[PDB]
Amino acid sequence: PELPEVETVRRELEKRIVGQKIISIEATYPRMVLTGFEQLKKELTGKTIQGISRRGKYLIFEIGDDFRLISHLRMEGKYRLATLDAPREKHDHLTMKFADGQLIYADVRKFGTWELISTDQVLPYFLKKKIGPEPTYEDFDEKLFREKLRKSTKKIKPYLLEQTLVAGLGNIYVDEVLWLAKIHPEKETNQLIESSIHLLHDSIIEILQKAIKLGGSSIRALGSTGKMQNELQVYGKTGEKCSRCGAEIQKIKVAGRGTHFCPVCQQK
């Protein structure tokens, strides 16, 4: 998932598991609990979920006053709420059992992670990761954005993907953002002019906020009812029309990543 999908999951969970006491925690893949599964099980068992937050693509379970469970779903981690008698599925790895149901984490590629962090260590956790601002008008300052772009010779798509200029873009929304902003994904950021940086800034916020409103893009669990996939202009649409007078979407490889763009729209 990317930020909009994680936010969609956050909202669904907030409605349903806040107030729930954790009765037990079980793992078939304890290795994805980076801070130690036995430690996590000992600390959280019997605690009540106070809330669910998000920072960039990270889910943050607030559990008791003094602990946070920081979860990253990476490529295709999925949460679902199931009855206590639900059968195990092949790629289920963890479950929190409540009195009237359970929260199960599944992840085909086993990339997703769990980390138990004390409450006063959450802000330092994200500072250490150098996560950039949330993609909102209030948090995403264009002035600082502009300065960082000026000082770098990185290509704009990989730099955006680093999460340091702004949080939340993955491969899908970065291709969508760059099409909307009419910027080439290999454009060197110090070549971007002010007006272009302004459109990029606004487009990032606009695309991500639109995606959130539409419940995320559901491609191929919680977060499965999204509609943003119907609004994608370029991602995964190789050879199809940009509706720009016959122009077709091209796919290239940029810093190891599949990259969908419309050449005529996105010249350097």
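Rigid core here is just the name for the largest C-alpha set that superposes within 1.5 Å across the two forms. Numbering starts at 1 and runs along the sequence shown.
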Subject >> Between 43-51 and 238-246, the one whose CA atoms sit farther away in 4 other deposited structures of this protein (rigid core aligned) >> reply: 238-246
Original post:
Taking C-alpha RMS after core alignment, which stretch differs more from the shown form in 4 other deposited structures of this protein: 66-74, or 223-231?
Top reply: 223-231
Subject >> Unmodelled deposited residues flanked by residue 220 on one side and residue 221 on the other >> reply: 1 to 3
Original post:
Taking only the CA atoms, which stretch has the higher mean B-factor in the record, 224-232 or 197-205?
Top reply: 224-232
Original post:
Looking only at CA atoms, which has the higher mean B factor in the entry: 236-244 or 207-215?
Top reply: 236-244
Original post:
Out of 154, 78, 93, 74, which shows the largest CA B-factor listed in the entry?
Top reply: 154
Original post:
Is the Cα B-factor recorded for residue 260 in the lowest, middle or highest third of its chain?
Top reply: middle
Subject >> residue 160 by Cα B-factor - lowest, middle or highest third of the modelled chain >> reply: lowest
Subject >> Among modelled residues of the same chain, the CA temperature factor third for residue 113 >> reply: lowest
Subject >> Chain-wide C-alpha B factor ranking for residue 82, given as lowest, middle or highest third >> reply: middle
Subject >> Third assignment of residue 99 from its chain's C-alpha B-factors >> reply: highest
